[PDB]
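To start, the structure itself, in structure tokens.
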Amino acid sequence: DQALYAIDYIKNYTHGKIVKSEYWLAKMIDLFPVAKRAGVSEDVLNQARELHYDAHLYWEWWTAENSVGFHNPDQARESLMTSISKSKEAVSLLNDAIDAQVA
Amino acid sequence: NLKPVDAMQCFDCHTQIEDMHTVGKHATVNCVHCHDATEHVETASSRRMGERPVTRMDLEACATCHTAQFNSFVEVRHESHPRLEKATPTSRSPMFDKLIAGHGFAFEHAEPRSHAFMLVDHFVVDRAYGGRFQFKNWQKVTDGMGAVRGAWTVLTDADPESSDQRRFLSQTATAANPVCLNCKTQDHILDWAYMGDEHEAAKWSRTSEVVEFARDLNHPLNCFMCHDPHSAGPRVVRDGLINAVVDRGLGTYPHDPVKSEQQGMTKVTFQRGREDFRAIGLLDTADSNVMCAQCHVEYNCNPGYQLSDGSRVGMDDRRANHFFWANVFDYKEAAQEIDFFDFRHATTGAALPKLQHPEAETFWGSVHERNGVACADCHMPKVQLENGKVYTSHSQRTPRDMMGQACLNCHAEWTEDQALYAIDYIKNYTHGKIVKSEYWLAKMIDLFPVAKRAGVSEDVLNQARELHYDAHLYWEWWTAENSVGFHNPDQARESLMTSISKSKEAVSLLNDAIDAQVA
Amino acid sequence: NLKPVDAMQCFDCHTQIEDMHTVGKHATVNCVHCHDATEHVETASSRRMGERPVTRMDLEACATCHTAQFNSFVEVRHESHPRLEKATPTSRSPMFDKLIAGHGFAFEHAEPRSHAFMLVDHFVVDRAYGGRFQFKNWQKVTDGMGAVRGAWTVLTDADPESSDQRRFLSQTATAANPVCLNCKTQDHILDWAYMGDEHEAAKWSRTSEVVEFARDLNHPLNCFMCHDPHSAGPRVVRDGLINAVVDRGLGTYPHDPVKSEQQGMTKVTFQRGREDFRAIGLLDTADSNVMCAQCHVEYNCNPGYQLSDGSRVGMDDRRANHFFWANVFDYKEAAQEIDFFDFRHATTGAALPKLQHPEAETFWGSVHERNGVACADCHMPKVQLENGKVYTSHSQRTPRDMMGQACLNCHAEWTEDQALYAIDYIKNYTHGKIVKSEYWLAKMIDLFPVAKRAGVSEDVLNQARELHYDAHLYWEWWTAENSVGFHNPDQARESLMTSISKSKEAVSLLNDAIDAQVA
Amino acid sequence: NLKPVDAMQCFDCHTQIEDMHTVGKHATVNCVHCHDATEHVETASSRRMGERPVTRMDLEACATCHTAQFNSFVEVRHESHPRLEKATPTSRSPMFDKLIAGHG
Ligand code: HEC
Ligand code: HEC
Ligand code: HEC
Ligand code: HEC
Ligand code: HEC
Ligand code: HEC
Ligand code: HEC
Ligand code: HEC
Ligand code: HEC
Ligand code: HEC
Ligand code: HEC
Ligand code: HEC
Ligand code: HEC
Ligand code: HEC
Ligand SMILES: [Ca+2]
Ligand SMILES: [Ca+2]
Ligand SMILES: [Ca+2]
Ligand SMILES: [Ca+2]
Ligand code: NA
Ligand code: NA
């Protein structure tokens, strides 16, 4: 029971970061149509697309990988926090650019 | 081996302790069990401490004579899933990230687990200390006894050379402050003035560097949080609770003055330099409702802002350590009473409250509470033995693990499966209303950017923000509260329906205003 | 609530206790936990007791600070079949009635059950008090905690107005005497002189009226039988054991002088006035082999007869309280040394010994004993907890209930089923030899009447009777002993084969002599 | 205790019931098990009901002769989770609220 509990600690923690990474990716993705329709520049959209590559990589690794972090818990944690960081950066970029078009 | 000291010599200077110790069930328990006071006795005067005696705060100080209670307490319930994030579709709050956006809980909010881990979990959670503190390795997460022996036996500090709150990992926050610790440990009971006010005799206060404070703390939920070590009698030590019940005259049962008088609390104050320093609350009865309410309440333990003008309320303000002592339907009034809110929503800009595990206030007025049932009856019952000396279980956990003693002794008409089914009926119903409340909150929240971009007036946005406060309160109470409605099913239902009503009103307001801008 | 007394005042007249109490792990445990001495202190001098202080012998005196050990001790093992007669085909000795004819055990000899019941079971067994004492009703047989609280809470006396040993039921015996009680209780520890010799300061002795003595006794296996209440250190209190080990110089391990020196006993005497009265044996180590050997030994605790001349040895004689402290192959010499036997066989007329549960003397020289294993390792191991403070189980029971802790910790090469299989191989083999020994004893016994009626000479009959002593000894050791060979399989085997050899020799002798009379 | 009624008297007005009851496996089951028709019989005519008879619709009307089937029927499957909302992520329709918006 103790060994199972140790497994589940890691998997539960990692899964929570997967879910949060997805929340932020989804929030970013859903800003792209708003930004395009608002007339945000291709330069800004391309900056956001570059961030999306990293946000995606540092999330999807872990949904693809079958151990839900157990095989390398510290790496999963660092990666998923990086994904969230990238998505947050993109969300801020896009929101500010949309807000500037509205104003 | 311990050698007894002359307690009469101590009592010559310590009359309050004499009065408690000589009369209670610890009258024969020598001071040496918990104090090393030799240099203190050599140096103290009538009213100056001299050299500080050592006081043991470890739970093993009690375990030599009360091994059964200690061992029960330190048990780890492995079925209580560890480090399980609430903001996931399979946990308590599937849309928590969207709803709580702007608050530090967005960084991590896990389900509770066994009491042994409270202090270590506080130290390591991603929202608390910027990731500064971690388990020494991922094996240590199982070690409840080790956590009890001391947090620093199982944790590491990323930088012992600095004492500032900062981020060591990217997606962490630094929400911890000294007030938090009062619901994780009382190792600081002799080093913290009542309420955490500034005091010349206090090492620590509300305004301390929390990383330095953390390093001085070791043990979870000390045995003496509920039991006076001198009299062995029932008590509370949590300042915020004593402040609500006694200082503010609200009573132990604010809705029931008779029960408050029968099951009351007496504030006892201890001085340093003939100035009030710290306080305890001696209970008339061994009332677990009030014992557990030291921590299982809605509270402030953080900086915030004023509802009136939006100005910052810092840790220095008394409001940074506050027990609202109010049920869900009295809470908005209680927050207005202190002119306080917690955060501004990141998307809507609404001033919002943050709700914390309000089990005590939820339980008030429920059928069980009105019938004289208390937390311990369901969560730490007497042990049933075919042959033996009865004692009280100290493994605070779900009644599902002990249904005979927790439920069926009262409910002789039910089998275990029937009682479980009754629990699940309430929890399933309540959870469905939580989920629906979240759906409507999320729908409303997502209209704010559309409305702002459409040029909807600030007057309309502010009307919607006022609705958001209520929609939020009447939802979040129930994701914060741990029983998923069981503690007060009718109240949960009324509250959650109120949340949905408020969100629907806001959605209609915003949709109509957007539609008017488009036309 | 208990109020502490001034222990230093006691110590002014009790230097012997002072020297034990101030040094051990009970230095902080006030006398009031176990003594009521107020009137004593008012009236005593250092040389005159004055009023006799009260001493508590109840086990609950220890349970308030040691609940885990107490509750473990009082557990009832329901799988240890109760009131199960050994003289049945499905128990230990299918032919016991034929073989033991002439002895009181023919009236009833049940298998042992849990320790909580030892005193009540002693009182109610059909061989002991003529049926005088009974459980209050047949429900009370389950009540281990009640028995521990006191025998007279669960039993009745058929005639409180008489104190003689008498038959109240037809098929009972009156074998109980005061020596028996020393292996059931030590409630009388301050009322019984060493060995039960006559003493001016003794209320009770070997020659007391056992029914009157019985009425003064309440508690089984007091905690202080193994632990000094003053020092908390390991000890024995049983006079017969101290007498064997110390007075007679045999040592704690008669077959191993080195181990005897390392794991020895110090006799401590207590005086009444200027006269030695009682004694204890402080152990060098917490050696359960010697603790359990207070009772789990072969003994005299009864009147008997001399081997030399057949004359009666009554309770007044020191031999009526005797630990032989001899293995099976030294026993005959040990009994010759004190010129003693127990009974004459009803059919054969042979002088025979009666053997009692000789676990201690059987365990000597076994592979486990020689490797430093002790009774507690298999029968009361440390408790293994995922999270908690370790303590020692005090539920003395078969290792089958706790194989992980009792066996597999040492035998990592085995699964539980494998270890059980190894136990059963020995017990099955040994039991088969017990049964065959009984077959041959019974065959011999049944030839005695045929030989007598055929006019076989008394010289031949006496030759056969001498063989009967040995055939009996080398069999009965193993029906008396509770492990069915497991404690010493090679010894059981050698002994039982010797029994069969002796019986076969007697059968041949008697058959030949009968045939010669017929011819 | 139930007392049987004269079914032939009922059948004089109730031919459809006669045709069904006399032929099936309830031919021996008297009307009193399910009907109290005394005032009805006193007042009915060939094709007017008169006073309405009482008809038992409770399932225990069948349980006296068919206890096994009744007891099986009334069993509660506790593993069939109660009051469990379908519009939740762990049930049947995680996005039900959005999709069914406008419906009760
Ligand atoms: C008078 C000369 C004293 C003697 C004798 C003892 N104590 Fe004391 N103690 C004394 C003072 C003036 C104070 C400060 C508080 C006050 O009442 O004014 C204390 C404080 C303590 C404490 C609290 C320590 C802390 O960290 O805050 C403890 C635990 C304590 N004292 C214990 C104690 C014991 C066990 C004594 C007998 C061995 C004892 N004290 C003697 C003054 C005097
Ligand atoms: C042995 C030297 C003890 C130490 C160390 C502690 N306690 Fe104790 N406690 C002890 C005794 C002998 C008793 C009385 C037992 C009885 O029923 O007579 C107690 C009692 C308590 C109680 C019950 C009090 C009541 O019902 O009024 C409690 C709650 C208790 N003890 C708690 C406790 C705590 C929390 C300890 C560590 C600070 C502790 N005890 C130490 C003996 C000993
Ligand atoms: C022998 C081949 C091993 C196997 C099989 C398993 N583990 Fe292990 N584990 C092993 C070692 C030598 C260590 C490091 C010990 C140290 O203190 O240096 C570990 C470590 C872990 C950890 C901690 C991981 C971390 O990053 O800190 C965990 C959670 C753990 N082990 C769990 C675990 C589980 C559940 C296993 C079965 C699937 C398992 N380990 C197998 C050695 C071996
Ligand atoms: C008493 C009024 C409390 C204050 C002040 C703080 N916490 Fe707390 N905490 C409390 C309880 C009763 C519980 C268990 C019930 C629950 O709903 O969780 C907790 C739990 C935690 C946890 C574990 C669960 C989690 O959210 O991850 C953590 C990590 C935690 N608490 C941290 C924490 C912080 C950082 C605080 C100050 C900002 C704080 N707590 C205060 C009771 C109380
Ligand atoms: C509050 C959250 C508690 C903490 C912390 C501890 N105990 Fe407790 N204890 C609590 C209750 C509600 C009760 C029962 C009161 C009633 O009358 O119903 C107890 C009781 C005890 C006792 C008395 C004997 C018994 O009933 O078991 C003792 C000796 C005791 N508690 C000891 C003890 C220890 C050693 C603790 C730290 C491990 C501890 N308690 C913490 C509530 C609370
Ligand atoms: C019985 C009538 C109860 C009383 C009195 C109290 N609680 Fe309770 N609680 C009860 C139930 C049936 C549940 C749900 C448990 C389940 O397994 O479904 C709970 C839940 C909690 C929890 C969370 C436990 C968990 O999920 O592991 C907590 C922290 C809790 N309750 C606290 C608590 C407090 C502090 C009480 C007194 C104010 C209280 N409960 C009373 C049943 C009962
Ligand atoms: C001298 C003035 C004494 C004081 C003070 C105390 N005790 Fe005593 N005690 C004293 C004597 C002379 C004796 C008799 C010794 C003898 O020769 O027989 C005793 C005896 C006891 C006993 C044993 C009684 C029995 O059953 O035989 C006990 C348990 C005892 N005393 C305890 C005791 C306590 C606890 C005291 C302090 C509260 C105490 N005694 C003081 C002399 C004196
Ligand atoms: C509380 C007031 C106690 C009473 C009553 C009894 N004992 Fe005790 N015991 C107590 C303490 C505080 C300790 C020391 C604990 C530690 O580890 O520091 C003990 C210890 C023992 C031991 C262990 C001794 C050793 O290892 O040297 C034993 C065997 C023991 N106690 C037995 C015991 C008996 C049999 C009691 C009834 C006569 C008894 N204790 C009462 C506290 C208290
Ligand atoms: C209710 C109709 C009962 C049934 C069913 C069982 N028992 Fe009973 N038992 C009952 C009573 C009223 C009494 C007398 C209680 C008293 O103290 O006056 C008993 C007694 C016993 C006894 C004691 C018999 C004796 O001669 O002393 C035993 C051993 C006993 N009961 C056991 C028992 C068993 C095992 C049952 C199921 C087979 C059982 N009883 C059923 C009432 C009722
Ligand atoms: C210690 C040297 C003992 C003496 C003296 C007496 N008994 Fe005993 N008894 C002792 C042990 C270790 C056991 C358990 C092991 C076993 O083989 O039974 C017992 C058991 C009993 C029992 C229960 C089993 C039974 O035989 O029915 C009874 C009724 C009993 N003992 C009675 C008894 C009598 C009457 C004694 C004096 C003649 C007597 N015992 C002395 C240890 C010792
Ligand atoms: C001899 C047959 C015993 C009797 C009677 C009691 N105890 Fe005991 N105890 C015994 C042993 C062999 C041990 C372990 C010693 C070792 O070092 O391996 C113990 C230990 C204790 C302790 C110490 C703590 C622990 O290890 O659990 C205590 C406090 C204790 N025992 C208490 C105790 C009580 C209360 C008893 C009556 C219910 C009792 N013991 C009887 C052997 C024997
Ligand atoms: C492990 C190496 C043992 C040691 C050391 C001692 N005993 Fe034992 N005993 C052991 C076994 C495997 C068995 C058979 C149990 C079974 O379930 O088959 C026994 C049996 C006993 C019994 C009878 C238990 C019963 O049948 O319920 C007694 C009374 C007993 N043993 C006593 C005892 C003594 C006093 C010991 C030290 C001198 C001793 N045992 C050591 C295994 C082991
Ligand atoms: C002719 C005088 C009748 C007699 C004799 C009985 N019934 Fe009747 N019944 C009669 C009529 C005209 C009607 C209305 C329907 C129709 O067929 O035209 C009925 C109706 C019933 C009903 C239905 C009642 C209802 O609530 O709708 C029942 C259950 C019924 N009748 C039963 C019944 C029984 C059991 C009789 C014998 C005791 C009986 N009826 C006699 C006319 C006549
Ligand atoms: C006793 C007076 C009965 C009452 C009341 C009800 N039923 Fe019955 N039923 C009864 C008998 C004697 C039989 C025949 C049994 C056989 O196999 O011979 C039946 C049969 C049925 C059946 C089976 C019919 C078939 O297979 O054709 C059914 C489905 C049935 N009964 C249902 C039923 C209902 C629903 C009742 C309440 C309205 C009811 N029965 C009452 C005897 C009795
Ligand atoms: Ca939990
Ligand atoms: Ca709050
Ligand atoms: Ca047995
Ligand atoms: Ca003998
Ligand atoms: Na020695
Ligand atoms: Na452990």
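Throughout, chain D uses Swiss-Prot numbering, with the displayed residues spanning 33-136 in order.
Method of determination (from the header): X-ray crystallography, 1.5 Å.
For all residues, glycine too, the Cβ spot is worked out from N, Cα and C.
For the heme 3 site, Swiss-Prot lists D:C94, D:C97, D:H98; matching the candidates D:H58, D:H67, D:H72 against that entry yields D:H58. When the Cα atoms are compared, D:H46 (heme 1 binding site) and D:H98 (heme 3 binding site) turn out to be 26 Å apart. Each residue contributes its Cα atom, and for D:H98 (heme 3 binding site) and D:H72 (heme 1 binding site) those atoms are 28 Å apart. Cα distances from D:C42 (heme 1 binding site) to the binding-site residues D:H58, D:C94, D:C97 are smallest for D:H58. The Cβ of D:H72 (heme 1 binding site) has D:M81, D:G82, D:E83, D:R84, D:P85 as same-chain neighbours under 8 Å, each 6 or more residues away in sequence. Whole-number maximum of the Cα to Cα distances across the heme 3-binding residues D:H58, D:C94, D:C97, D:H98: 12 angstrom.
Using the Cβ center of D:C42, D:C45, D:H46, D:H72 for heme 1, the list of other same-chain residues with Cβ within 8 Å runs, in sequence order, D:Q41, D:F43, D:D44, D:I49, D:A69, D:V73, D:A76. Counting in whole angstrom, D:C97 (heme 3 binding site) lies 27 from D:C45 (heme 1 binding site) by their C-alpha atoms. Taking every protein chain shown into account, D:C42, D:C45, D:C94, D:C97 are the binding-site residues, and of these the Cβ with the most other Cβ atoms within 10 Å belongs to D:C42. When the alpha carbons of D:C94 (heme 3 binding site) and D:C45 (heme 1 binding site) are compared, the span between them is 25 angstrom. In the structure as shown, the Cβ atom of D:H98 (heme 3 binding site) sits within 10 Å of 13 other Cβ atoms. Classification of D:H72 (heme 1 binding site) by DSSP places it within a helix. Cα of D:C45 (heme 1 binding site) to Cα of D:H58 (heme 3 binding site): a distance of 19 Å.
What surrounds the heme 3 site, by Cβ distance within 8 Å of the Cβ centroid and not counting D:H58, D:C94, D:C97, D:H98, is the set D:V61, D:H65, D:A93, D:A95, D:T96 from the same chain.
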